[PDB]
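Report on one structure; see the data block that follows.
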Amino acid sequence: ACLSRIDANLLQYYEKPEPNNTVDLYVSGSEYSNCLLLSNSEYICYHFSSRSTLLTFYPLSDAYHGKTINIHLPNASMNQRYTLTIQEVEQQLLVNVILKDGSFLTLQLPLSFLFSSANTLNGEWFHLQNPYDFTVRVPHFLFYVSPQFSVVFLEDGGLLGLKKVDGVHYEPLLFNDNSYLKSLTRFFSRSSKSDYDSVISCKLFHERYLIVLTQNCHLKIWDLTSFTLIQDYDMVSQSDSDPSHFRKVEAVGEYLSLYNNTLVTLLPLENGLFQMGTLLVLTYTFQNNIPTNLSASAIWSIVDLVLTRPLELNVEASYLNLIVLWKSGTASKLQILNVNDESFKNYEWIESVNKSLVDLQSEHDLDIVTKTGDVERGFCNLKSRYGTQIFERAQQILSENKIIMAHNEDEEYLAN
Amino acid sequence: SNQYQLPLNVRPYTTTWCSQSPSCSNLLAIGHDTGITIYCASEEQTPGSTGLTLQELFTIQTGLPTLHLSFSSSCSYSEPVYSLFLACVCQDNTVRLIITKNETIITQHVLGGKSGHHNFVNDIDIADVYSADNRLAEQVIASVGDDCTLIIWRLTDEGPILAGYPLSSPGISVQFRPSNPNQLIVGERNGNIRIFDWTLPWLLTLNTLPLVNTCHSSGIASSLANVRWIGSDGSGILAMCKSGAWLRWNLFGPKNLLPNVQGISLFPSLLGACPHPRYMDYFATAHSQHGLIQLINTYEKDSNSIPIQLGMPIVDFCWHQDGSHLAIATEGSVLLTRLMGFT
């Protein structure tokens with residue numbers, strides 16, 4: 001383990017577990033969250049709520065004094081954050097969201113407004129729109145390509161194009177699709193709820209090529225100049241073709257990321273295969289399958305992966321680095337795959353500590369410093385340790401469950 | 001229960017029986033804001049409910065507060081005249097030994113300033129050490145404070161010998177080992193527990209912090225309240241946290257790998273545990289703020305016994321040597337209460 005965990009609760013120093021400056025915008029976050037870097041060198045954070053009805057923004061480097069903005073949505077998005085995009089166009093956060101009813105919502109949030117004091121917003125910061133009939137063919141994945149262009153992926157397997165003409169209106173530019181004709185075979189139906197080989201991951205290469213990963217782990221490659229299927233690789237027929245079980249991916253997730261012209265793909269074989277080839281001209285060319293090192297049955301799920309330039313690790317022999325984030329319940333696992341050379345055959349897995357020192361010390365009773373004694377002493381201890389957001393959320397959960405402090409010295413309470 | 005009032009302007013800080021010396025075990029001292037008061041406990045006819053009453057004998061004036069108090073084995077009675085030796089701590093942050101004939105202080109030794117503790121003194125204890133010939137060779141006082149120091153103060157035939165020892169944290173209690181004055185125990189605020197041979201590194205250090213059973217989390221701050229030896233050979237060690245968590249270790253046979261037993265008082269114990277002089281497995285602990293006292297049995301015979309509940313805060317308490325009576329100083333009084341079961 002070459003890395004350690006440093007936990008940061010951006011409100012820890014302050015008594016109020018919420019910023020005084022919070023603004024609620026309304027249109028006529030504990031399920032997804034991410035950061036995005038902007039023109040001004042500042043990081044903006046965003047959260048999409050459990051229901052996918054609330055979007056929240058706040059500045060990484062000024063969470064307490066800066067403004068957090070809650071944007072309320074009329075209904076949930078069709079398929080969670082997977083039907084949502086956020087990109088900085090020109091001094092604005094452009095946010096598009098296909099909603100459940102079929103609407104295509106556009107949000108325009110000026111950069112200024114995100115770092116201003118204002119609790120008001122002027123002008124058309126949102127546009128509703130119905131470009132296609134999503135009642136019949138339900139979409140599930142929205143992918144940004146450009147300020148005017150971005151594609152839609154459908155549950156049945158089809159791609160839709162979406163071209164912006166003026167500043168607001170969008171129109172379907174359909175792609176040629178003859179994949180459906182496998183319906184002719186006795187092994188597939190159009191009407192079947194199975195059989196769909198929908199896209200589960202997608203990346204844009206050199207502005208023009210659109211690399212898609214399907215539920216059956218096919219890598220298809222679309223040329224946006226042609227709007228034509230250029231490539232179709234079966235990722236699985238390379239390694240040991242197990243007739244027993246290849247788990248066709250049953251949800252959209254982060255199963256590939258590219259750096260320059262390299263491309264790693266996550267294939268499920270005991271949840272353990274990182275294929276990585278190279279792109280070049282368009283041609284994808286295999287190099288090696290790198291398994292994972294995971295035990296206790298292998299019950300970790302990919303959260304996010306990011307292929308990137310090498311780090312400063314204890315091994316100078318490095319060419320590329322894949323950062324990998326697994327999850328199993330609320331427990332997480334961070335690993336770095338180091339590839340040594342341009343052959344993807346020599347590599348090394350680097351693990352990290354997945355609990356902070358403070359937490360480990362508390363769990364393992366290795367804390368010698370924290371003052372002992374009084375019941376209220378323990379109160380100060382825990383309050384100071386955890387921060388007000390958590391401490392008050394915990395005191396909220398207590399009273400709901402009818403657990404109430406008997407007296408000053410209720411040790412049975414503190415235990416809880 | 002029988003209740004005996006302290007003088008109207010007397011605020012008690014500490015209460016201790018003279019169990020350390022059989023000649024004087026019916027003597028009770030109360031340290032207060034102007035000195036140390038001595039009472040005598042006698043078997044009246046009474047009803048044999050509480051067949052024990054308290055008679056106030058006298059008051060030793062010192063002119064300043066007394067926070068901790070310990071009789072020595074040197075105490076004696078004569079006809080009548082009481083010859084007393086008391087170790088205590090005063091408002092000037094000094095540690096003192098006062099030798100009296102009744103209320104009159106005939107002799108006084110004071111250890112303070114820079115030569116003394118350099119912060120607040122948290123605890124004191126005293127034992128008499130005799131030579132091979134068996135004259136009084138030394139009287140030894142041990143004390144611990146917030147200056148991260150343990151002080152051993154020996155008063156010998158050729159005069160005083162002073163020694164200081166550094167601590168990793170403030171000293172919160174200290175007590176010589178029963179039947180073996182060569183050994184003693186020192187408690188640090190941080191949970192460290194030292195066994196020490198002062199005649200001589202120091203022999204052993206246990207710690208209650210990492211041992212907390214955590215079936216019920218004892219909390220973030222579980223500052224060590226008290227550690228005391230138990231048994232008449234000092235065969236055991238008992239430690240109690242402010243949180244009420246307690247632990248017991250024995251010292252004999254074979255090899256050892258954990259504390260022998262562990263538990264938790266119903267309430268916090270600001271003053272710590274007061275082990276029974278006759279029943280090792282038993283000790284008393286107070287919820288000093290609401291004025292309740294729980295009685296705990298180490299081998300779980302107890303099942304939450306709370307023989308004492310006052311409607312008032314408890315300042316201090318201690319067992320009479322007989323093991324059935326309890327003396328308790330509250331903010332304005334001292335009670336003698338007899339638990340019928342221990343008779």
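Going by the structure tokens order, chains are called A, B, ..., each with residues numbered from 1, while ligands are numbered from 1 in the order shown.
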If we count only C-alpha atoms and set the cut-off at 12 Å, which residues sit around residue A:12, ignoring sequence neighbours fewer than 2 positions away in its own chain? Please answer as JSON, numbers by chain.
{"A": [7, 8, 9, 10, 14, 15, 16, 17, 18, 19, 63, 64, 383, 384, 385, 386, 387, 388, 389, 390, 391]}
Apply DSSP to the structure's backbone, then extract all residues of stretch 153-307 of chain B labelled strand (DSSP E) and return them as a ChimeraX atom specification.
/B:153-156,159-166,171-177,180-188,192-197,204-207,224-230,236-241,245-250,261-264,273-275,282-287,292-297,305-307
Wanna dump the chain A-chain B contacts at 12 Å for me, each residue with its shortest atom pair and the distance in Å to one decimal, counting only C-alpha atoms, ordered by chain and number, as a Markdown table?
```
| residue | atom | partner | partner_atom | distance |
| --- | --- | --- | --- | --- |
| A:358 | CA | B:220 | CA | 11.9 |
| A:361 | CA | B:210 | CA | 10.1 |
| A:362 | CA | B:220 | CA | 8.6 |
| A:363 | CA | B:214 | CA | 9.5 |
| A:364 | CA | B:210 | CA | 7.9 |
| A:365 | CA | B:210 | CA | 4.8 |
| A:366 | CA | B:210 | CA | 6.5 |
| A:367 | CA | B:210 | CA | 7.8 |
| A:368 | CA | B:190 | CA | 6.8 |
| A:369 | CA | B:190 | CA | 7.2 |
| A:370 | CA | B:221 | CA | 6.1 |
| A:371 | CA | B:221 | CA | 4.8 |
| A:372 | CA | B:223 | CA | 2.7 |
| A:373 | CA | B:223 | CA | 3.1 |
| A:374 | CA | B:242 | CA | 5.3 |
| A:375 | CA | B:243 | CA | 6.1 |
| A:376 | CA | B:221 | CA | 8.3 |
| A:377 | CA | B:221 | CA | 5.3 |
| A:378 | CA | B:221 | CA | 4.1 |
| A:379 | CA | B:220 | CA | 7.3 |
| A:380 | CA | B:221 | CA | 8.1 |
| A:381 | CA | B:220 | CA | 5.3 |
| A:382 | CA | B:220 | CA | 5.8 |
| A:383 | CA | B:220 | CA | 9.4 |
| A:384 | CA | B:220 | CA | 10.0 |
| A:385 | CA | B:220 | CA | 8.8 |
| A:386 | CA | B:220 | CA | 10.9 |
| A:406 | CA | B:267 | CA | 11.3 |
| A:407 | CA | B:290 | CA | 9.7 |
| A:408 | CA | B:289 | CA | 9.1 |
| A:409 | CA | B:268 | CA | 5.9 |
| A:410 | CA | B:267 | CA | 6.9 |
| A:411 | CA | B:243 | CA | 6.8 |
| A:412 | CA | B:216 | CA | 7.5 |
| A:413 | CA | B:216 | CA | 9.6 |
| A:414 | CA | B:219 | CA | 6.1 |
| A:415 | CA | B:217 | CA | 4.5 |
| A:416 | CA | B:217 | CA | 7.5 |
```
Contacts of residue A:273 within 12 Å, only C-alpha atoms, excl. fewer than 4 positions in-chain, as number ranges by chain
A: 217, 235-236, 238-240, 246, 255-256, 264-269, 288-294, 298, 302
Env of residue A:90: 10 Å cut, atoms = only C-alpha atoms, seq-sep filter 4 positions within chain, self excluded. Answer as a ChimeraX atom specification.
/A:39,94,110-111,147
Saved selection, atoms kept: C-alpha atoms, as a PDB file, in the first residue's frame:
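As written to disk, result12.pdb reads:
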```pdb
ATOM      1  CA  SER A  39     -11.945  28.125 -17.167  1.00  0.00           C
ATOM      2  CA  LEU A  94     -24.423  23.718 -20.107  1.00  0.00           C
ATOM      3  CA  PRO A 110     -23.528  31.394 -16.203  1.00  0.00           C
ATOM      4  CA  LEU A 111     -20.052  30.874 -14.736  1.00  0.00           C
ATOM      5  CA  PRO A 147     -21.839  22.151 -28.079  1.00  0.00           C
TER       6      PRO A 147
END
```
Select from stretch 349-388 of chain A everything DSSP, run on the backbone, classes as helix (DSSP H, G or I), then give the selection as a ChimeraX atom specification.
/A:357-364,375-386,388
Shortest interatomic distance to residue B:335 - which of B:97, B:1, B:151, B:40, counting only C-alpha atoms:
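Of all the options, B:1 lies closest to residue B:335.
Atom pair atom CA of residue A:176 / atom CA of residue A:220 has a distance of 13.4 Å (rounded to one decimal).
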Can you pull out every residue within 9 Å of residue B:154, counting only C-alpha atoms, but drop anything in the same chain fewer than 5 positions away, and send it as a PyMOL selection string?
chain B and resi 138-142+159-163
Would you save the residues of that selection, restricted to N, CA, C and O atoms, as a short mmCIF file (atom, residue, chain, number, x, y, z; two decimals), in the first residue's frame?
```
data_model
loop_
_atom_site.label_atom_id
_atom_site.label_comp_id
_atom_site.auth_asym_id
_atom_site.auth_seq_id
_atom_site.Cartn_x
_atom_site.Cartn_y
_atom_site.Cartn_z
N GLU B 138 11.82 4.83 57.71
CA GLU B 138 11.37 5.84 56.77
C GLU B 138 9.86 5.97 56.80
O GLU B 138 9.15 4.98 57.04
N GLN B 139 9.35 7.17 56.56
CA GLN B 139 7.95 7.32 56.16
C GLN B 139 7.96 7.77 54.70
O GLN B 139 8.67 8.70 54.34
N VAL B 140 7.18 7.10 53.84
CA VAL B 140 7.24 7.39 52.41
C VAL B 140 5.91 7.87 51.85
O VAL B 140 4.87 7.21 51.99
N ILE B 141 5.96 9.05 51.24
CA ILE B 141 4.82 9.67 50.59
C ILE B 141 5.00 9.72 49.08
O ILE B 141 6.03 10.19 48.58
N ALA B 142 4.01 9.21 48.35
CA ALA B 142 4.03 9.27 46.90
C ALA B 142 2.93 10.20 46.41
O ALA B 142 1.82 10.17 46.95
N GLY B 159 17.15 12.44 57.67
CA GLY B 159 16.44 13.50 57.00
C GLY B 159 15.84 13.12 55.66
O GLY B 159 15.79 11.94 55.31
N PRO B 160 15.27 14.11 54.96
CA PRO B 160 14.47 13.95 53.75
C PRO B 160 15.33 13.56 52.55
O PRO B 160 16.46 14.02 52.38
N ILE B 161 14.76 12.70 51.72
CA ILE B 161 15.28 12.33 50.42
C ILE B 161 14.17 12.54 49.41
O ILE B 161 13.10 11.94 49.49
N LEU B 162 14.46 13.38 48.43
CA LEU B 162 13.49 13.72 47.41
C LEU B 162 13.85 13.12 46.08
O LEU B 162 15.02 13.11 45.69
N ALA B 163 12.85 12.61 45.38
CA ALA B 163 13.08 12.14 44.02
C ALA B 163 11.89 12.40 43.11
O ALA B 163 10.73 12.23 43.51
#
```
